[PDB]
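Here the structure is laid out as structure tokens; the discussion comes afterwards.
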Amino acid sequence: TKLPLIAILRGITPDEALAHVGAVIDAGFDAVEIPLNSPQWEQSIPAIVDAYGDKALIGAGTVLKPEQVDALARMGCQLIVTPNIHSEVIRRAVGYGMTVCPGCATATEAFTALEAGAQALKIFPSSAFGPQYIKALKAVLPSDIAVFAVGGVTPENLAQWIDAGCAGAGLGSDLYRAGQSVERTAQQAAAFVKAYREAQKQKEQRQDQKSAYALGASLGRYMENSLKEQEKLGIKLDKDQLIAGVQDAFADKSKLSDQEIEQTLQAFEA
Amino acid sequence: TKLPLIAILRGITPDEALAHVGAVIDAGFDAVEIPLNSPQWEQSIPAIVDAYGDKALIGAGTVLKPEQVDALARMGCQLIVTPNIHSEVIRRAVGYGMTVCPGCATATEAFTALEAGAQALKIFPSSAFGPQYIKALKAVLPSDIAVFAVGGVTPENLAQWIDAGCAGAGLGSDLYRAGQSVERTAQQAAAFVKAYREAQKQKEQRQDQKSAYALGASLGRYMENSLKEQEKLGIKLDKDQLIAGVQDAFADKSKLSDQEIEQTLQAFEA
Amino acid sequence: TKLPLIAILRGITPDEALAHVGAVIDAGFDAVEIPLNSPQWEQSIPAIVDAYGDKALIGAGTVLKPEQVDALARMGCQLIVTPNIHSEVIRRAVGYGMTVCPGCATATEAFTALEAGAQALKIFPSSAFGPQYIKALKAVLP
């Protein structure tokens with residue numbers, strides 16, 4: 001899904017479901033789930049599937065029993081989120097072609113979830129463990145498994161989860177608490193989308209910077225090694241001038257013309 | 001000849017010729033001439049040809065008449081130096097296979113000397129004109145004509161004549177004045193050889209530095225142009241980091257390992 | 001010629017000749033010469049004669065041999081500049097009706113150039129001598 005953020009609306013009621021979901025989707029979310037410990041979820045969920053199922057990944061959270069998966073499939077749920085690893089829940093949801101993001105907290109639990117067919121993992125609650133926990137888990141997890149931080153993720157700290165290796169995050173109480181206004185939902189959802197996109201943008205910029213940055217090193221080493229080659233032929237080049245040439249030319253202020261540079265190098269060959 | 005300095009011993013007498021010439025040769029000179037306005041030059045010159053003719057380029061200065069060239073040839077003179085351009089003197093000396101370094105002071109006079117077969121030129125007196133005069137003359141003279149500064153050249157200013165484009169210098173009163181001690185001749189000759197070799201060494205170092213120096217520019221431009229290429233693909237590299245890589249690696253302090261550098265560039269390609 | 005300045009483009013190549021000459025002419029020059037120690041001058045010169053010969057006094061510098069004058073005449077050179085006084089170069093160039101501005105550095109050399117038919121003189125290199133040198137020469141020159 002386009003943006004890797006899951007809106008988790010725990011305790012939302014059927015009469016408010018459409019408005020709050022419309023808020024989060026309008027702000028940029030394209031995954032939403034309603035926990036099964038929300039009141040009258042079997043009214044809210046099929047309603048949101050029908051209004052928004054073709055606009056966002058719609059599903060359910062706190063899915064604890066195989067028989068709930070069956071009921072949710074019939075309702076048109078596309079997404080199953082859990083707080084725990086329960087192999088048959090995962091296998092059953094996978095069996096319906098639904099997207100499953102089950103919750104684990106340890107290495108052992110993560111590999112159990114993968115063996116049940118999970119293609120993504122929720123680390124829950126992430127807040128107790130921290131970004132470094134995920135970084136540590138990512139050193140043993142298969143490369144293509146998407147990891148989602150859930151639990152105490154804020155628009156302020158989202159950056160650090162993404163930096164640590166999270167593909168995205170599930171946002172609960174910090175996005176929606178039962179009985180808050182639709183306006184508050186639109187505000188928090190805007191904040192998270194901004195934080196992701198701003199944070200994601202920062203990460204991309206950092207990656208670009210890093211990519212630029214080494215280039216220099218490889219050329220610096222190239223030169224260093226060429227000098228050592230020259231030294232063995234009895235040629236010892238002034239090192240500061242060499243760097244000054246690189247800088248000046250790069251800044252469009254070379255004291256030599258392109259023609260000069262070229263005839264000088266030819267003369268140097270000789 | 002190995003070192004391009006001519007010892008000019010104006011006013012030397014036959015009884016002192018061998019000692020003073022031995023001094024200059026011992027110090028590193030391999031061209032020596034005795035001006036024909038020196039007393040009893042027809043005694044001194046053949047003596048020095050016989051003692052030193054196989055150790056240095058031996059000859060005569062202030063050669064003004066064709067018939068003097070004839071006499072000097074018979075004496076075993078190998079070198080003819082003049083204060084002026086006189087076409088038949090030059091042609092005659094060339095005709096004996098002698099090395100001629102005739103004296104001119106203007107462009108017109110230099111081209112007359114070349115047309116007479118001169119392979120080298122003496123700018124005399126150089127002191128009135130200065131190093132820049134020679135630099136200006138060298139912009140019109142054939143590339144392979146060796147130009148010698150003569151007149152007010154000192155071990156202190158020799159550098160500036162060589163920088164200006166002189167292949168070497170003829171040294172008169174500043175090296176030998178009639179009636180100075182053999183010890184003074186050895187002292188001044190040592191000073192000039194030192195000044196040439198030190199000065200020549202400095203010039204060579206400067207050339208090496210210049211050769212090193214452009215190299216950078218061409219690489220700096222290379223990078224600048226690669227960046228502009230990247231920019232058109234929507235990639236904007238941090239410029240300070242690029243330079244920092246070049247510097248660090250060159251200094252053997254790259255923050256990336258060679259393996260890292262290589263896998264990063266591969267990733268950048270992607 | 002309107003403005004008495006000669007553009008001397010030593011070491012210019014054939015591929016850049018037209019642009020650089022067009023620059024100087026556009027700025028106000030109406031005399032231009034390419035020294036014969038420039039690379040492939042026998043390509044650059046006839047090109048500039050053809051593009052600019054009717055817009056500016058076009059010619060050559062560092063002309064040292066009579067036979068070069070012959071070649072330059074055929075190319076449509078209108079102007080001969082030299083670093084030195086060589087009587088037959090001057091006489092030959094004059095003989096083609098070309099404008100000659102030969103280079104001298106002494107009184108004696110200047111009067112030799114006049115006797116060869118020179119109508120103008122180049123003092124070269126002027127920097128060593130200074131403005132006063134010319135002032136002194138002008139007190140004896142026609």
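Note on naming: chains are A, B, ... as they come in the structure tokens, residues start from 1 per chain, ligands start from 1 in the order shown.
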Neighbours of range 234-251 of chain B within 10 Å (only C-alpha atoms; same-chain residues fewer than 5 positions away dropped), as a PyMOL selection string?
(chain A and resi 205-225+227+239+243+246-247+250-251) or (chain B and resi 220+223-224+227-229+256-258+261)
Picked from range 3-124 of chain C by DSSP as alpha helix (DSSP H), as a PyMOL selection string
chain C and resi 14-27+41-52+66-74+87-95+107-115
If you run DSSP on the backbone here, which positions in range 116-265 of chain B get strand (DSSP E or B)? Please write them as a list in words.
residues 120, 121, 122, 123, 146, 147, 148, 149, 150, 168, 169, 170 and 171 of chain B
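For the choices C:21, C:31, C:139, C:63, the atom-to-atom distance to residue 88 in chain C is smallest for C:63 when using only C-alpha atoms.
Across the structure, CA of residue 191 in chain B and CA of residue 102 in chain B are spaced 25.3 Å apart.
Put simply, CA of residue 202 in chain B is 25.9 Å away from CA of residue 23 in chain B.
Every protein or nucleic acid residue with an atom no more than 8 Å from residue 101 in chain C, counting only C-alpha atoms and leaving out same-chain residues fewer than 3 positions away, appears here: residues 79, 80, 81, 82, 118, 119, 120, 121 and 122 of chain C.
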How would the residues just chosen look if you wrote them out with C-alpha atoms as a compact mmCIF listing (two decimals), in the first residue's frame?
# COMPACT_ATOMS: atom_id res chain seq x y z
CA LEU C 79 47.69 43.33 -44.05
CA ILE C 80 51.24 42.17 -43.25
CA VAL C 81 52.59 42.58 -39.68
CA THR C 82 56.11 41.46 -38.68
CA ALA C 118 56.78 50.86 -45.17
CA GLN C 119 54.08 53.52 -44.59
CA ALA C 120 53.59 52.59 -40.92
CA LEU C 121 55.85 51.22 -38.14
CA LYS C 122 55.39 48.77 -35.28
With only C-alpha atoms considered, list every residue of chain B at most 12 Å from chain C, as JSON, numbers by chain.
{"B": [105, 106, 107, 108, 109, 110, 111, 112, 115, 127, 128, 129, 130, 131, 132, 133, 134, 135, 136, 137, 138, 139, 140, 141, 142, 143]}
Based on the selection just made, write N, CA and C atoms of those residues as a PDB file, in the first residue's frame.
ATOM      1  N   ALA B 105      71.135  42.180 -29.719  1.00  0.00           N
ATOM      2  CA  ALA B 105      70.391  42.928 -28.722  1.00  0.00           C
ATOM      3  C   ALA B 105      68.955  43.246 -29.148  1.00  0.00           C
ATOM      4  N   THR B 106      68.632  42.958 -30.407  1.00  0.00           N
ATOM      5  CA  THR B 106      67.304  43.242 -30.948  1.00  0.00           C
ATOM      6  C   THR B 106      66.794  42.028 -31.714  1.00  0.00           C
ATOM      7  N   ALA B 107      65.485  42.002 -31.954  1.00  0.00           N
ATOM      8  CA  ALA B 107      64.878  40.964 -32.768  1.00  0.00           C
ATOM      9  C   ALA B 107      65.564  40.866 -34.146  1.00  0.00           C
ATOM     10  N   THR B 108      65.693  42.012 -34.817  1.00  0.00           N
ATOM     11  CA  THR B 108      66.273  42.066 -36.167  1.00  0.00           C
ATOM     12  C   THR B 108      67.670  41.426 -36.190  1.00  0.00           C
ATOM     13  N   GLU B 109      68.496  41.798 -35.220  1.00  0.00           N
ATOM     14  CA  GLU B 109      69.840  41.249 -35.105  1.00  0.00           C
ATOM     15  C   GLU B 109      69.824  39.745 -34.825  1.00  0.00           C
ATOM     16  N   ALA B 110      68.876  39.270 -34.021  1.00  0.00           N
ATOM     17  CA  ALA B 110      68.801  37.830 -33.728  1.00  0.00           C
ATOM     18  C   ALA B 110      68.530  37.003 -34.993  1.00  0.00           C
ATOM     19  N   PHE B 111      67.593  37.465 -35.819  1.00  0.00           N
ATOM     20  CA  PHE B 111      67.246  36.753 -37.050  1.00  0.00           C
ATOM     21  C   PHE B 111      68.330  36.814 -38.114  1.00  0.00           C
ATOM     22  N   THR B 112      69.108  37.888 -38.108  1.00  0.00           N
ATOM     23  CA  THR B 112      70.311  37.932 -38.924  1.00  0.00           C
ATOM     24  C   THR B 112      71.318  36.863 -38.494  1.00  0.00           C
ATOM     25  N   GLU B 115      70.217  33.423 -39.584  1.00  0.00           N
ATOM     26  CA  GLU B 115      70.411  33.267 -41.028  1.00  0.00           C
ATOM     27  C   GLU B 115      71.869  33.030 -41.414  1.00  0.00           C
ATOM     28  N   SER B 127      71.419  43.010 -18.979  1.00  0.00           N
ATOM     29  CA  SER B 127      71.062  43.804 -17.787  1.00  0.00           C
ATOM     30  C   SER B 127      70.193  45.024 -18.062  1.00  0.00           C
ATOM     31  N   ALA B 128      70.460  45.684 -19.184  1.00  0.00           N
ATOM     32  CA  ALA B 128      69.697  46.849 -19.603  1.00  0.00           C
ATOM     33  C   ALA B 128      68.270  46.453 -19.972  1.00  0.00           C
ATOM     34  N   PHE B 129      68.116  45.261 -20.544  1.00  0.00           N
ATOM     35  CA  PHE B 129      66.824  44.818 -21.071  1.00  0.00           C
ATOM     36  C   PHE B 129      65.989  44.098 -20.023  1.00  0.00           C
ATOM     37  N   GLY B 130      66.616  43.176 -19.300  1.00  0.00           N
ATOM     38  CA  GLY B 130      65.926  42.410 -18.271  1.00  0.00           C
ATOM     39  C   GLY B 130      65.394  41.075 -18.776  1.00  0.00           C
ATOM     40  N   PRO B 131      65.025  40.183 -17.844  1.00  0.00           N
ATOM     41  CA  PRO B 131      64.507  38.853 -18.159  1.00  0.00           C
ATOM     42  C   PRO B 131      63.311  38.894 -19.101  1.00  0.00           C
ATOM     43  N   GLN B 132      62.439  39.885 -18.910  1.00  0.00           N
ATOM     44  CA  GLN B 132      61.214  40.026 -19.709  1.00  0.00           C
ATOM     45  C   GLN B 132      61.512  40.270 -21.183  1.00  0.00           C
ATOM     46  N   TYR B 133      62.644  40.903 -21.460  1.00  0.00           N
ATOM     47  CA  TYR B 133      63.052  41.145 -22.834  1.00  0.00           C
ATOM     48  C   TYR B 133      63.237  39.819 -23.564  1.00  0.00           C
ATOM     49  N   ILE B 134      63.977  38.918 -22.929  1.00  0.00           N
ATOM     50  CA  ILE B 134      64.216  37.582 -23.464  1.00  0.00           C
ATOM     51  C   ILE B 134      62.899  36.820 -23.625  1.00  0.00           C
ATOM     52  N   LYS B 135      62.051  36.848 -22.597  1.00  0.00           N
ATOM     53  CA  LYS B 135      60.725  36.231 -22.659  1.00  0.00           C
ATOM     54  C   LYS B 135      59.977  36.726 -23.899  1.00  0.00           C
ATOM     55  N   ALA B 136      60.055  38.028 -24.152  1.00  0.00           N
ATOM     56  CA  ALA B 136      59.417  38.612 -25.329  1.00  0.00           C
ATOM     57  C   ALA B 136      60.086  38.127 -26.616  1.00  0.00           C
ATOM     58  N   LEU B 137      61.408  38.004 -26.602  1.00  0.00           N
ATOM     59  CA  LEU B 137      62.100  37.544 -27.804  1.00  0.00           C
ATOM     60  C   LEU B 137      61.794  36.072 -28.079  1.00  0.00           C
ATOM     61  N   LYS B 138      61.711  35.280 -27.016  1.00  0.00           N
ATOM     62  CA  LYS B 138      61.408  33.856 -27.127  1.00  0.00           C
ATOM     63  C   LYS B 138      60.022  33.576 -27.717  1.00  0.00           C
ATOM     64  N   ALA B 139      59.131  34.561 -27.702  1.00  0.00           N
ATOM     65  CA  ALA B 139      57.824  34.354 -28.306  1.00  0.00           C
ATOM     66  C   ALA B 139      57.884  34.404 -29.835  1.00  0.00           C
ATOM     67  N   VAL B 140      58.970  34.952 -30.386  1.00  0.00           N
ATOM     68  CA  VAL B 140      59.153  34.957 -31.847  1.00  0.00           C
ATOM     69  C   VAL B 140      60.301  34.062 -32.365  1.00  0.00           C
ATOM     70  N   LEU B 141      61.287  33.760 -31.520  1.00  0.00           N
ATOM     71  CA  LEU B 141      62.396  32.897 -31.911  1.00  0.00           C
ATOM     72  C   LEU B 141      61.951  31.445 -32.107  1.00  0.00           C
ATOM     73  N   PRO B 142      62.614  30.718 -33.029  1.00  0.00           N
ATOM     74  CA  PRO B 142      62.359  29.284 -33.185  1.00  0.00           C
ATOM     75  C   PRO B 142      62.550  28.582 -31.851  1.00  0.00           C
ATOM     76  N   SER B 143      61.712  27.585 -31.570  1.00  0.00           N
ATOM     77  CA  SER B 143      61.667  26.943 -30.248  1.00  0.00           C
ATOM     78  C   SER B 143      63.011  26.368 -29.762  1.00  0.00           C
TER      79      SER B 143
END
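Across the model, the gap from CA of residue 60 in chain A to CA of residue 36 in chain A is 6.7 Å.
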Let me make sure I understand: among B:254, B:173, B:1, B:259, which one has the smallest atom-to-atom distance to chain A if we use only C-alpha atoms?
B:254
Mind checking which residues fall within 12 Å of residue 114 in chain A, counting only C-alpha atoms, ignoring those fewer than 4 positions away in the same chain, and posting them as an MDAnalysis selection string?
chainID A and resid 85:87 90:91 94 100:104 107:110 118:122 141:142 144:147
Using only C-alpha atoms, which residue out of B:185, B:266, B:200, B:82 lies closest to chain A?
B:266
Near range 5-10 of chain A, within 7 Å and counting only C-alpha atoms, which residues show up once chain neighbours fewer than 4 positions away are dropped, as an MDAnalysis selection string?
chainID A and resid 29 31:35 38 168:172 176:178
Hey, can you spit out that residue selection with C-alpha atoms as an mmCIF file, in the first residue's frame?
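Final file, out25.cif:
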data_model
loop_
_atom_site.group_PDB
_atom_site.id
_atom_site.type_symbol
_atom_site.label_atom_id
_atom_site.label_comp_id
_atom_site.auth_asym_id
_atom_site.auth_seq_id
_atom_site.Cartn_x
_atom_site.Cartn_y
_atom_site.Cartn_z
ATOM 1 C CA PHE A 29 -3.817 6.859 4.999
ATOM 2 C CA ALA A 31 -4.656 1.157 5.667
ATOM 3 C CA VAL A 32 -7.209 1.194 8.468
ATOM 4 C CA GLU A 33 -8.298 -1.393 10.984
ATOM 5 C CA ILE A 34 -10.880 -1.620 13.748
ATOM 6 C CA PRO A 35 -9.925 -3.773 16.770
ATOM 7 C CA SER A 38 -14.378 -2.115 19.771
ATOM 8 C CA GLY A 168 5.982 1.536 8.635
ATOM 9 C CA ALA A 169 3.848 1.864 11.757
ATOM 10 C CA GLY A 170 0.476 1.079 13.259
ATOM 11 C CA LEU A 171 -0.919 4.060 15.148
ATOM 12 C CA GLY A 172 -3.441 3.629 17.951
ATOM 13 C CA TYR A 176 -7.455 7.862 17.817
ATOM 14 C CA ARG A 177 -8.774 7.479 21.337
ATOM 15 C CA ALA A 178 -12.435 6.448 21.798
#
Excluding residue 73 in chain C and any residue of its chain fewer than 4 positions from it, enumerate the residues within 12 Å of it, using only C-alpha atoms, and give them as a ChimeraX atom specification.
/C:42,45-46,49,58-60,66-69,77-80,92-99
